[PDB]
Amino acid sequence: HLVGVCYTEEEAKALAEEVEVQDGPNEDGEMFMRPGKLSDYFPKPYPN
Amino acid sequence: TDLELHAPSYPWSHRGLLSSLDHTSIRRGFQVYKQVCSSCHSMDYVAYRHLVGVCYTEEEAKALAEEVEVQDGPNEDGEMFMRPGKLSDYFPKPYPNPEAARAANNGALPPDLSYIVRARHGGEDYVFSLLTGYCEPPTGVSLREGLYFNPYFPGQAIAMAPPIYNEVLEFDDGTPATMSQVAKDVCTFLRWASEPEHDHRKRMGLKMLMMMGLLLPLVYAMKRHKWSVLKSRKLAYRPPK
Amino acid sequence: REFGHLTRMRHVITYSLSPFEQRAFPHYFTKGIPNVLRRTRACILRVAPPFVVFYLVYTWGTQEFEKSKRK
Amino acid sequence: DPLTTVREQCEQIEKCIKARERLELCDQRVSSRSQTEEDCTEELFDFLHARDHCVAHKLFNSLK
Amino acid sequence: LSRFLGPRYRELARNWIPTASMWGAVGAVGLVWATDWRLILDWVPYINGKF
Amino acid sequence: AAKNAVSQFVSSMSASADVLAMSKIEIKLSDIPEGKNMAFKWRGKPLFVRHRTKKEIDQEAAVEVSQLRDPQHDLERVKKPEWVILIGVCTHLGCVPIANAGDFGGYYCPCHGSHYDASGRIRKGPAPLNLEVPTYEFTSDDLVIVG
Amino acid sequence: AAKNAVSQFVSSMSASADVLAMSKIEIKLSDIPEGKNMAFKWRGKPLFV
Amino acid sequence: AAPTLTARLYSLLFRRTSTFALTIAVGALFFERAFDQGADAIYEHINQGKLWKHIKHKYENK
Amino acid sequence: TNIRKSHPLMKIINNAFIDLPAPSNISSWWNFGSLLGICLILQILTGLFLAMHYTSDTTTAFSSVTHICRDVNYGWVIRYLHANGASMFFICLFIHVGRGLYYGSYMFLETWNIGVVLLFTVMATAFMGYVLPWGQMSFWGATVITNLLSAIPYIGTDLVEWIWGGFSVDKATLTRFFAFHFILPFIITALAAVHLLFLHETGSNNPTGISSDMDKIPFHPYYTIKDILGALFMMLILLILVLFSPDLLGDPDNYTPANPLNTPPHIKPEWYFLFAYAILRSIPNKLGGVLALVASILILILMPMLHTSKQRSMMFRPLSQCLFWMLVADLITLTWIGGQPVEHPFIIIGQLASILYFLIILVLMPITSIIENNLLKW
Amino acid sequence: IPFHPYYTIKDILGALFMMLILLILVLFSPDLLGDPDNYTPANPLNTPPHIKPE
Ligand code: HEC
Ligand code: HEM
Ligand code: HEM
Ligand SMILES: Cc1cccc(-n2nnn(C)c2=O)c1COc1ccn(-c2ccc(Cl)cc2)n1
Ligand SMILES: Cc1cccc(-n2nnn(C)c2=O)c1COc1ccn(-c2ccc(Cl)cc2)n1
Ligand SMILES: Cc1cccc(-n2nnn(C)c2=O)c1COc1ccn(-c2ccc(Cl)cc2)n1
Ligand code: FES
């Protein structure tokens, strides 16, 4: 929601990559980490 | 080139117009699902709380969910908690989150079995003729290394190894578990699976057939009362001569 | 179009009886089946032979599809 | 084994004596030459359809 | 039939036709602003259609 | 009452989207091992992205145009021949098969014994056309923009 | 026969199967170590401990 | 004379143009456990020993 | 001071249903017009319950339908009422059209023309609702239709892009099939009240075609009780199918969820679209199929202009009704062919009977009405 | 007097004056009439300072 408001799309794809999030399950393993993919709501400060 | 084989019609105990499903045959049919399949197949539309009043008592089916422990969601003090199963438990998946179960199954995904009887031309009549009509490939017919010659499959080459033989398990009531007894039980469990309202609708279709034997003769006699004025009348034409 | 405005009629008389002076079923099966057998002999020579032409195409149309898959 | 006692005598009908009698009359003909694509699936379908009906009328009373 | 043709209806069709055309070209150019016909907004380039 | 009542209210359910960055600007990962291709999420059906890795070459130009129903070859649509993406539609029905089944290296359509190829042409009938086109402009280094 | 459309109508919108199996009773004993109290974010109306 | 010589219930019941529409409301009773006969008697007669309340006594008492 | 004749609301009811002059010899075929109004109110009430639990999303839609059949109270009886209460709508609709064609009722021109509009809006509403369960017949029936809708040369390719939501098949794809399916039954209702405002100008036709202003009876009590008897006989046969065989008319392949990665063995619509599907596949072109589709429903408007007989009804016309049942026995042949594979015998029969449907209405009917005039000495 | 043209044109003038004042509130102050406390999600574990209808 910031592209066109505060930053260009680069400066925002690269700003999502500052933090790595937990995405869903998978084969060939589990709980795999992933950086921001721009479809990412702002990270939670607490688990619960 | 080859053709289609059609399953013969069996005299089931629920193929009558006011008939039911034999509930002890559904009890023995869940065990054959528990222990022969459910390692290659699933059932994500049927829970454990749906068999209370059908096969098992609520005490009997509470202790039957306990056998498997299912991962639940995140919390404090941990990330993925482990707890035993409750009655709010859909039957757990055999290859969970399976990108390619074919890795375990030679390039073929085994289907969900929640609607396998409602989604086949021949119903549970097709599933019984599938499991008890296996053969070995005939002359001129080739084969892949993980394919078997089933005559009741459309391509006649199925990637499922024959899952039932004589005494794959033993029942908790002493019936002799031969190949046909275990098959009939999972075609009476797999009809209740895809059609759980089967018995409730054949009795509700009796509480209206005895109400149209009352109501329908009694509006027809209101009709013949009014129309008898017109049905009996006489007409005459008397012009001046 | 109300009742005393529909047409013009002269010299016709009508006699009618009460619903309470009549039995419910005067002639039910002594007159019922010779009346239905009259209406069946009339309109079955117009209705039925179109539908036996569908039948001879259906029985021939699944005797060619089953020899289309064999020898 | 309620199958294989029902299955056995159900191929002693004089309708299954016709449907399998030509199965090895065509079974001996495919592997004669090394390059032919004639399968034997069809005279197996005539035999299985003629056998599985007679099994269906006689099997469900022996069980449960 | 013979109810329909003559020297009357087709000279009533003579001053009809301009009416027909401007009943037809009304339907032609009027359809294109309601249903977003992008293949005919190109032909007159003066009208900025979508921003 | 026309240019502001009717000319406005198509864009909620039109080619104007719901999410800003969906697949058109989303750059794609190597979540695809070469050998088989499995399903996706948007653009409707699985737009099967391809890493031939020096494969599919020659297979393309071995059979020529004569009995081939549709003149549409991968010499011009895709720019360099280690690159294609597919469509999940058909020309008559809407058919794609379970991936990597066939004799030549193509598709096993079990509806009417039809047979399709990997990069989208047809041996059989009754397919009138060949499988249609996705919209793309490949520009940058590794970032995949289809849309 | 005239109730058969409408006597099945009032008992229709009281909820069916996902509700009275668990909102009947939820056993939640042996939860807490002593000295501090928790909150149960269930029971419809809330319930404490 | 010889025909039914009983009472006449058209000088009270049904005759009312109102009752034509009131026997959705005033004529809406009397016949629910008179038809818990038949319905719950011939359903549980053809279904002998197959329902759950015909077999639950085995797994009732331990 | 009769309150049935002077009250502002009650006058309209009294003029339309109570004191209306009706012919005395009206038979059972005039009952199916009130059965269509029974079937329409039933589909609207049952459809509003099913809309409270449905979710339009191509990932979560096959699962929303199984949720009502296995979790929601009475959801199995309300869902199978709806799927079977649309087969009853379509069997009453084809008897109703064949009545008005037989007894010459199309001569009420303003009534007949609104009827042909009602036959389009009904056939389009039952299409948008069958795609909504989102199984293997709901996907491969919508992509057969939209291929024949992107063959219109000037509007066709940008129109199918709007109904799919701008994409192929995603969440905002079934949002437009669901919105038009909610709305069009409330337009069928308003077109049926205008339908009966034009019949009130002449009153009804009667099996003899001859006018009947000497022999009228009031509508109440004679046809208010005869219609009620026919409406209860309809609810008997309807509830037989909901409670004894609710899967008799549908298809099993719509119980497999929608997935383009697999393919069904056949493409088969419901029984009441099979005559219109045997005509699309009979013309080997995507333009001569979408034109031969709409010509099969639009040909009803030429029926007032093609009538060349001196009499109105077919009761006294024995050669004209011999051709009425060749037309009924040809819509049966087009319903059997419409659910067969496209093979050798099922295409020579599919096109020799898509021709005969148009040769009977347009050519063979107006010539046989003239031979009848010539044998009666006009 | 007849209703058309005298009150078919006088009502149209009043209906366009209504859509002016309505679209002023949608596009210049769309939260003037509501309440902020309905932007806190429903939770009985907390309590609002006041109860206020529209
Ligand atoms: C160890 C493997 C394995 C076991 C055990 C197994 N299955 Fe399957 N099943 C498969 C595979 C693989 C397929 C898919 C076959 C194919 O698609 O070629 C399959 C598919 C099916 C089908 C669909 C067939 C069709 O025509 O679509 C039915 C029905 C079925 N299984 C029933 C059963 C029953 C009943 C049991 C046990 C009582 C069972 N399966 C146990 C592997 C298994
Ligand atoms: C939603 C659909 C429809 C509804 C609710 C409806 C309703 C009715 C009703 C209530 C009547 C009066 C009773 C009767 O005569 O049966 C009637 C008559 C009639 N309808 Fe329909 N109808 C519908 C569709 C159609 C169609 C599709 C046609 C023809 C193409 C049609 C043509 C006629 C005609 C011609 C009559 C008068 C017949 C006569 O009096 O002889 N209607 N309709
Ligand atoms: C007027 C005539 C109508 C017809 C002929 C019709 C037809 C259909 C059909 C054939 C289906 C497919 C059912 C299935 O295959 O399971 C369906 C589904 C559905 N319809 Fe209707 N419908 C009508 C009216 C309505 C109305 C008025 C509404 C909403 C208010 C509605 C809402 C729905 C919904 C929500 C579904 C969801 C899918 C399902 O439950 O199967 N329908 N309709
Ligand atoms: C309005 C109108 C106008 C012109 C003709 C006719 N009509 N239709 N058939 N006949 C012989 C006619 O005179 C009608 C009546 O329309 C119908 C059809 C059924 N009902 C009905 C039945 C029972 C009850 Cl309770 C209420 C209504 N009304
Ligand atoms: C091809 C195919 C396959 C499977 C299901 C279905 N289908 N879709 N809906 N229903 C109930 C189905 O059976 C179909 C569509 O079949 C047809 C044929 C002609 N129409 C049609 C005619 C007029 C209008 Cl206006 C709209 C559509 N639809
Ligand atoms: C108490 C409280 C607090 C917050 C919001 C709301 N409320 N609920 N809806 N809206 C718009 C609100 O402002 C209320 C309800 O306030 C009232 C007062 C009387 N009625 C009433 C009168 C007639 C009828 Cl028939 C129905 C209701 N409602
Ligand atoms: S892919 Fe379906 S027949 Fe060609």
# chains A, B, ... in the order shown; residues from 1 in each chain; ligands from 1
$ residues_near_ligand --ligand "ligand 7" --cutoff "9 Å" --atoms "only C-alpha atoms and all ligand atoms" --output "list in words"
residues 90, 91, 92, 93, 94, 95, 96, 97, 108, 109, 110, 111, 112, 113, 114, 115, 116, 122, 124, 125, 126 and 127 of chain F; 263 of chain I
$ interface_residues --of "chain B" --to "chain D" --cutoff "8 Å" --atoms "only C-alpha atoms" --output "number ranges by chain"
B: 2-3, 5-6, 8-12, 138-141, 151, 166, 175, 178-181
$ select_by_dssp --residues "range 14-121 of chain F" --states "strand (DSSP E)" --output "short mmCIF file (atom, residue, chain, number, x, y, z; two decimals) with C-alpha atoms, in the first residue's frame"
data_model
loop_
_atom_site.label_atom_id
_atom_site.label_comp_id
_atom_site.auth_asym_id
_atom_site.auth_seq_id
_atom_site.Cartn_x
_atom_site.Cartn_y
_atom_site.Cartn_z
CA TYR F 107 0.37 -34.77 -22.62
CA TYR F 108 -2.02 -37.66 -21.91
CA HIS F 115 -2.59 -36.06 -27.34
CA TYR F 116 -0.92 -32.66 -26.70
#
$ interface_residues --of "chain G" --to "chain I" --cutoff "10 Å" --atoms "only C-alpha atoms" --output "PyMOL selection string"
chain G and resi 8-9+11-18
$ residues_near_ligand --ligand "ligand 2" --cutoff "6 Å" --atoms "only C-alpha atoms and all ligand atoms" --output "ChimeraX atom specification"
/I:30-34,36-37,97,100,105-106,111-112,115-116,118-119,188,192,204-205
$ atom_distance --atom1 "CA of residue 45 in chain I" --atom2 "CA of residue 199 in chain I"
27.3 Å
